[PDB]
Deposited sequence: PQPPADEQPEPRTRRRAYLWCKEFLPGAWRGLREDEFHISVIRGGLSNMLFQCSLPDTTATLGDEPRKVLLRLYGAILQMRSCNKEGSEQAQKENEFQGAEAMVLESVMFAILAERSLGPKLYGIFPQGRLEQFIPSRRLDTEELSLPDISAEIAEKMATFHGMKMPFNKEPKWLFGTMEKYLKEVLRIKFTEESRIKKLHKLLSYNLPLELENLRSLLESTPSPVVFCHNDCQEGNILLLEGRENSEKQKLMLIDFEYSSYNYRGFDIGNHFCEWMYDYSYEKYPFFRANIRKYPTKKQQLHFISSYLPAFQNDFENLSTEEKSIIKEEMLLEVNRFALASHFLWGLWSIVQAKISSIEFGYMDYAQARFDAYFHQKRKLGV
């Protein structure tokens, strides 16, 4: 798929001006670009030298253009992860977007999250992410700060369309401000270390790296850290466990499938935190008693913070139903997160 002419022009000039070697002397007529993801927001394009053009130096042959269609924090963070080889390289930054390394890969599918070696490697990559120093606010205000902002916005919302009006009345009927305070009191009493969290560790943000599919422990990269913050570790892991239940590749309305039965079993959760803990702290030398206590208390921690994954994404999704024009059943998704919230409360 070719982009619109204005985009091809701007993309050609960004590549020509920001990228070194063969890019600097490239003509408009030699520029290869194709759409990876369309939309009004966060469009992706592959940009490439001709197969016949030789590289002068170490410049890449293809790059990813990301157009926007908080910017400071996200840009600094992307640049830092690039310097530490924990993200794609940053080739160019300008007001309208970035040029990034193109990483030959695909996203994981929902069903791949439960494969033991995939799950063990996500746990190791998340533990690594959790351990790094970032120049951002270390006070864990992100979680309840964000839920309070969305709740405020949710209580102001008026839909005009019938089906959206009825769905919102059902969600509002739960008394979301009271439920939020009950959730705060539970998590206030749930110790969880503050770490640098991805905050959106789903299959769509996990690369299966082409040519590494036979590697047991090094075939993945976590990407798209735009929601990242210092946050309770319990949130990041609980949120990941929730994502086992949601498949965003469903091609008919509401453009997701939810399956409560797909949440990881205690066995699958122990397999994940058993990879996470050695990678985060050594831990393997502790007594079996201490290891068991730590794991059991961590299962409780992540399953409780899983409630905040449901609550935050539920509220987020109601706001998107108002402000987003993306083809997605936001209100149905909100209801699915709240069904899972009350089911998880009953399970606990």
In sequence order, the deposited stretches missing their CA atoms are 1 to 6, 76 to 101, 314, 382 to 383
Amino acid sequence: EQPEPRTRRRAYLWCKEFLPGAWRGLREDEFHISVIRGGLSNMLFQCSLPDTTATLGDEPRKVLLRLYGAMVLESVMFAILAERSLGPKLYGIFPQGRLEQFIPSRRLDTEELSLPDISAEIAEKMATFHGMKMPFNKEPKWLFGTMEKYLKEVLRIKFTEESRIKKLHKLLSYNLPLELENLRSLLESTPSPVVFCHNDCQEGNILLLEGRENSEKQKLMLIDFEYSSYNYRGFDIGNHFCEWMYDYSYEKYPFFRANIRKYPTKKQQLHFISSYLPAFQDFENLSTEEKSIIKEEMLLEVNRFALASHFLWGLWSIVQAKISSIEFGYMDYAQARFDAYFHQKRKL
From here on, numbers count along this sequence of modelled residues.
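Superpose the two forms; the largest set of C-alphas matching within 1.5 Å is the rigid core.
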Greater root mean square CA deviation, 283 to 291 compared with 297 to 305 in 9 other deposited structures of this protein, core aligned | 283 to 291
With the rigid core as the fit anchor, does 163 to 171 or 227 to 235 show bigger C-alpha shifts in 9 other deposited structures of this protein?
-> 163 to 171
Taking the recorded C-alpha temperature factors, which stretch has the higher mean, 234 to 242 or 85 to 93?
-> 85 to 93
Which is higher on average in the deposited entry, the C-alpha temperature factors of 213 to 221 or of 147 to 155?
-> 213 to 221
According to the deposited entry, which of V302, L64, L40, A321 has the largest Cα B-factor?
-> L40
Tell me which of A127, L99, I165, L108 tops the list for C-alpha B factor in the record.
-> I165
Among all modelled residues of this chain, ranked by Cα B factor, put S189 in the bottom, middle or top third, i.e. lowest, middle or highest.
-> highest
What third of the chain, by the recorded C-alpha B-factor, contains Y276?
-> lowest
Report the third (lowest, middle or highest) to which the CA temperature factor of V76 belongs, ranking only the modelled residues of the same chain.
-> lowest
Third assignment of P135 from its chain's C-alpha B-factors | middle
Modelled-residue ranking by C-alpha temperature factor, third containing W313 = lowest
